[PDB]
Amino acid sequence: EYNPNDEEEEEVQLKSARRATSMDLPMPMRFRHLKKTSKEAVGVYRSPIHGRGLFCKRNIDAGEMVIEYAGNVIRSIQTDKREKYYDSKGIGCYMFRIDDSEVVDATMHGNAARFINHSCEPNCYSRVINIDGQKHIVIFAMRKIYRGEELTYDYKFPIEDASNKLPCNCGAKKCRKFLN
């Protein structure tokens, strides 16, 4: 009797390759291909939460690197002046604070990370990582995220009080009603 498997007995078995951004590797190895991978993983579309949002185009694994919050690192004491300059030119300001003395300015050289909306029940979180003496802000998935789902994280604004309150439209059952 003939057997289709007789020639396969010694062959390498194949399966789906796991993306480096998703694997249990040191950060620099995961980060190396984040830019290319992110362009495949996510896109900017109209959102039911607010204006435009970032959405999943292709399943994202739990704990995988989604996208870097790209921009130029500046000192914390430059922000105010920069905000006034942009405001005076009709330019939308986008920044993400790294620590007390450093901030990422995504206004002029940012990417799609700028469009991530807030949610009181998020599916993403963020981390600061150092690669080659350079600080980067990286967004990770808290859970498996599926094609079509909106990516959100918790802005966790310091609780203002009055008035001063900005309403939240995240639509989560556990919504806090205000962004602050």
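Counting begins at 1, following the sequence as shown.
As listed in the deposited structure, the average C-alpha B-factor of 75 to 83 and of 106 to 114 is greater for 75 to 83.
The mean Cα B-factor in the deposited entry runs higher for 150 to 158 than for the other of 66 to 74 and 150 to 158. In this entry, the residue among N164, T21, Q13, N169 with the greatest C-alpha B factor is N164. When the CA B factors of the chain's modelled residues are split into thirds, the value for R127 lands in the lowest one.
When the CA B factors of the chain's modelled residues are split into thirds, the value for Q134 lands in the highest one. Looking at the C-alpha B-factors along this chain, the one for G51 belongs to the middle third.
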